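Numbering (the numbering used here), first residue to last: 24 to 575. Just so it is clear, CB atoms sit at the ideal spot from N, CA and C, and this is done for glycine as well.
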Amino acid sequence: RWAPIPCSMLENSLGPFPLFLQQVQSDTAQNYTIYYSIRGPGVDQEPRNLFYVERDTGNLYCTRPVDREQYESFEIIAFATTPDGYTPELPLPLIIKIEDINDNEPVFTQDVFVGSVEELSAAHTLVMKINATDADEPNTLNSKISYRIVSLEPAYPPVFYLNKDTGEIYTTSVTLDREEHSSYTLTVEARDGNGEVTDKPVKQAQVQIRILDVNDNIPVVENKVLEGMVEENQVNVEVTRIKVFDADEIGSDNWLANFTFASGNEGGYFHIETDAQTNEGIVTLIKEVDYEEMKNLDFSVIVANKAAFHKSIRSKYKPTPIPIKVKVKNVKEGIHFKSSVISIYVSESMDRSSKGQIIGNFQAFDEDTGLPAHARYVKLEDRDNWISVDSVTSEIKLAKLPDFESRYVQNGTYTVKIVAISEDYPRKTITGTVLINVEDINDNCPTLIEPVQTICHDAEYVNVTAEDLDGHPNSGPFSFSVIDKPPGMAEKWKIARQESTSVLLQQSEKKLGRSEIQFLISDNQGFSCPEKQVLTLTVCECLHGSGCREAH
Ligand SMILES: *[C@@H]1O[C@H](CO)[C@@H](O[C@@H]2O[C@H](CO)[C@@H](O[C@@H]3O[C@H](CO[C@H]4O[C@H](CO)[C@@H](O)[C@H](O[C@@H]5O[C@H](CO)[C@@H](O[C@@H]6O[C@H](CO)[C@H](O)[C@H](O)[C@H]6O)[C@H](O)[C@H]5NC(C)=O)[C@@H]4O)[C@@H](O)[C@H](O[C@H]4O[C@H](CO)[C@@H](O)[C@H](O)[C@@H]4O[C@@H]4O[C@H](CO)[C@@H](O)[C@H](O)[C@H]4NC(C)=O)[C@@H]3O)[C@H](O)[C@H]2NC(C)=O)[C@H](O)[C@H]1NC(C)=O
Ligand SMILES: *[C@@H]1O[C@H](CO[C@@H]2O[C@@H](C)[C@@H](O)[C@@H](O)[C@@H]2O)[C@@H](O[C@@H]2O[C@H](CO)[C@@H](O[C@@H]3O[C@H](CO[C@H]4O[C@H](CO)[C@@H](O)[C@H](O)[C@@H]4O)[C@@H](O)[C@H](O[C@H]4O[C@H](CO)[C@@H](O)[C@H](O)[C@@H]4O)[C@@H]3O)[C@H](O)[C@H]2NC(C)=O)[C@H](O)[C@H]1NC(C)=O
Ligand SMILES: *[C@@H]1O[C@H](CO)[C@@H](O[C@@H]2O[C@H](CO)[C@@H](O)[C@H](O)[C@H]2NC(C)=O)[C@H](O)[C@H]1NC(C)=O
Ligand SMILES: *[C@@H]1O[C@H](CO)[C@@H](O)[C@H](O)[C@H]1NC(C)=O
Ligand SMILES: *[C@@H]1O[C@H](CO)[C@@H](O)[C@H](O)[C@H]1NC(C)=O
Ligand SMILES: *[C@H]1O[C@H](CO)[C@@H](O)[C@H](O)[C@@H]1O
Ligand SMILES: *[C@H]1O[C@H](CO)[C@@H](O)[C@H](O)[C@@H]1O
Ligand SMILES: *[C@H]1O[C@H](CO)[C@@H](O)[C@H](O)[C@@H]1O
Ligand SMILES: [Ca+2]
Ligand SMILES: [Ca+2]
Ligand SMILES: [Ca+2]
Ligand SMILES: [Ca+2]
Ligand SMILES: [Ca+2]
Ligand SMILES: [Ca+2]
Ligand SMILES: [Ca+2]
Ligand SMILES: [Ca+2]
Ligand SMILES: [Ca+2]
Ligand SMILES: [Ca+2]
Ligand SMILES: [Ca+2]
Ligand SMILES: [Cl-]
Ligand SMILES: [Cl-]
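And the structure:
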């Protein structure tokens, strides 16, 4: 169909009132004698006395102004008839639209906005978005907002672009730098219409942009002198504090120092840890040092951040080691041994080791000067008295021919302590240790342990066991040989199974009585006792749990 033309009324009608809106007229008005009147939301219902028509001319007036931000449109109906009563007259639905006018300024949803952006951000990266509202007619100049920057802190250089239409904030081609300016605080303005700058006061808010930190600054040592100082024989003491400076955000892992030993500490003498409060590398000892051995313990360390460096600065960074000298102070220690342990090798044979020979010494030296010190040497824990120690020259000599088979000998080594006391006050007592390693010679033959034993009549076998006290290879496995004496007995008594140091023996005939069984037990070297190894074996009759039948 066709839309109706609505009269255009200007909101906030200054005047003069009563305001002439328009004039409705009927053509069937010359025949009859038509009056005029009006009815709808705006005259007879919500609200009344806005408009009214003269009952004859058809002229519609207005008597009160109105706000378009309350009454967008208005649908009324036009009926106008004579004073008789007129029934079939189609009333046109007149409509009346109130035009809009910029009667309200744009306003921010907040009096203060807050945003944040990383340092070294690529250009045209979105920071945040401010926003405001205009209660006027949308899609008209009276509602088109135009955002502008009034002022900026610290004003220069300009690192921010404000899209005046969207309110979105962006970073410019000039790169941001937190170390230059860490935070930006801004005052903004919003305009309507053509976004034109006049001298008219418009509302304004504020924006506070915080710049976030990135690790884009290498650490630097500030210490003028880097020399350490430590005493001899000390532990757990502070060597040096390396004061390091970093530009990045204090407290962050981008600012916290980090240390690693480049060289000079795979001996493990130093431990380093970072003081998170002053940013000092605290290096400390974890091992005593002997000045008489090491007069300087210089070393190097490389510096960095707990967090990795930003890509922007990588490979421009050459890890350059930093040297730091350390000196050791001397201290009096008195007499000592060059070695707490001496190894002395002796033999069980009279052909080399002789009872009463000198076999070594234990000279005590004043640790500080290194010269032979006057001391009083003394034996200690010589369980079988193998040694004589001269109290004056510390010379050591045999008191017995050393017996490798001695129960006091262990691992083939006979351990003996020694002590030295210093002259002058105070008496310092230090202990030495001598490992006497004895050469084992084949001086023991395999002998039985139970040469006289008595078995039962129901016994299955016999267990003869030998014993060569020598250590390998002068004992090793034995070779058992039952010999034919008396004759035939080699057959009467047989070997069943043999081990290294024993053999299981069974008699074939199984007669009840004593038998003297001669063996020849031989070493692993072939040696065998001069004595006849004879087994005197008596077979009695065993009653159950009764041993032998002791008579009737
Ligand atoms: C205000 O009041 C007015 C009072 O009349 C009124 O005006 C009237 O409106 C009518 C339309 O609805 C008009 O009718 C048209 O008339 C023309 C020609 O008419 C003239 O010529 C005729 C012969 O020459 C004559 O007979 C006509 O009528 C007579 O007129 C006298 C006075 O002039 C009347 O006497 C008065 O009576 C009083 C008491 O009642 C009193 O005594 C007075 O003293 C006395 O003078 C008399 O009563 C009257 N008689 C009649 C019968 O009207 C007049 O002189 C025609 O050509 C038109 O024809 C169309 O309409 C017909 C309707 O059926 C169809 O049959 C036709 O075919 C044709 O239809 C279509 O037309 C279109 C073109 O328009 C074509 O394209 C189509 O093809 C066609 N369709 C087909 C099918 O063919 C029509 O009849 C009337 O003339 C007019 N009168 C006056 C005086 O103005 C107003 O309308 C009122 N105001 C409002 C706003 O409503
Ligand atoms: C002929 O008899 C030989 C000895 O006679 C026996 O001696 C004891 C063990 C009793 O059985 C007794 O009834 C007999 O008269 C026999 O030689 C022995 O044989 C056994 C098994 O073949 C060997 O046992 C092994 O012992 C070693 C350690 O032994 C030495 O160390 C222990 C301390 O741990 C000393 O107490 C002993 O005196 C030995 O000097 C073990 O490592 C191993 O495992 C378990 O055995 C021992 C008990 O013997 C446990 O205490 C451990 O904790 C382990 O759980 C073996 O059991 C034995 O060494 C060997 N020699 C001696 C001197 O006992 C011989 O085998 C017989 N003839 C034949 C043909 O078998
Ligand atoms: C800060 O120093 C520590 C201490 O050494 C570094 O940790 C070492 O890293 C290397 C390389 O992967 C490993 O081989 C070591 O085993 C690590 N040692 C320890 C104790 O963790 C750490 O990498 C350094 N931090 C930075 C960012 O360089
Ligand atoms: C802009 O203002 C409207 C109206 O309050 C709101 O719905 C919208 O979220 C705002 N935009 C932003 C980015 O806050
Ligand atoms: C002494 O014997 C023990 C026990 O088997 C062994 O651990 C040690 O290495 C031996 N000492 C030597 C071979 O000097
Ligand atoms: C160390 O050895 C003994 C242990 O008492 C002392 O008597 C000696 O004088 C030295 O101090
Ligand atoms: C060395 O060693 C003994 C014990 O082995 C100590 O008790 C003594 O004081 C000496 O200095
Ligand atoms: C040799 O061995 C003893 C251990 O029994 C040590 O304590 C001593 O100091 C010496 O060097
Ligand atoms: Ca208004
Ligand atoms: Ca408005
Ligand atoms: Ca506006
Ligand atoms: Ca920077
Ligand atoms: Ca930074
Ligand atoms: Ca850093
Ligand atoms: Ca020393
Ligand atoms: Ca010293
Ligand atoms: Ca011996
Ligand atoms: Ca021996
Ligand atoms: Ca032997
Ligand atoms: Cl280079
Ligand atoms: Cl054999």
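Given a length threshold of 4 residues, the stretch 118-175 has no whole run of the alpha helix (DSSP H) inside it. A check of alpha carbon separations from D405 across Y84, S551 and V442 identifies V442 as the nearest.
In the DSSP assignment, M512 falls within the unbroken alpha helix (DSSP H) covering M512 to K515.
Of the heavy atoms belonging to ligand 15, none sits nearer than 7 Å to the Cβ of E254. Counting only the Cα atoms, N35 lies some 12 Å from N127. Taking non-hydrogen atoms of ligand 10 into account, the C-beta of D271 is found less than 7 Å away from none of them.
Secondary structure at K533: coil, using DSSP grouped into helix, strand and coil. Straight through space, the alpha carbons of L37 and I57 are spaced by roughly 33 Å. Sequence-distant partners of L424 (beyond 5 residues in either direction) whose C-beta falls short of 6 Å from its own C-beta, in its chain, are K378. With 16 or more neighbouring CB atoms inside 10 Å of its own CB, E272 falls in the buried class.
With a cutoff of 7 Å, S525 counts as near ligand 2, since its C-beta is closer than that to a heavy atom of the ligand. For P395, DSSP records a beta bridge to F388.
Three or more pairs of CB atoms, one per stretch, sit closer than 8 Å, so the stretch 513-529 contacts the stretch 476-493.
Each residue's CA atom was taken as its position, placing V401 and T477 some 53 Å apart.
The stretch 133-149 makes contact with the stretch 229-242: 3 or more CB pairs, one atom from each, lie closer than 8 Å.
With a contact defined as Cβ atoms closer than 8 Å, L320 and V351 qualify at about 7 Å. Distances between the C-beta of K533 and the heavy atoms of ligand 8 are all 7 Å or more. Between the alpha carbons of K329 and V349 lies a distance of about 26 Å. Assignment of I336 by DSSP, reduced to helix, strand and coil, places it in the helix class. Contact between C468 and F550 is confirmed by a C-beta separation of about 6 Å, below the 8 Å threshold. Using a C-beta cut-off of 8 Å, the stretch 145-161 makes no contact with the stretch 106-118, since fewer than three inter-stretch Cβ pairs fall below that distance. Following the DSSP letters along the chain, one finds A280 inside the beta strand (DSSP E) bounded by residues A280 to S286. The DSSP-derived three-state label of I506 is coil.
For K378, the distance from the CB to the nearest heavy atom of ligand 7 is not below 7 Å.
Taking the C-beta atoms as reference points, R264 is found no nearer than 8 Å to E296. Short note on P129: C-beta closer than 7 Å to some heavy atom of ligand 11. Nearest in C-alpha terms to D389, of all of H359, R171 and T86, is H359.
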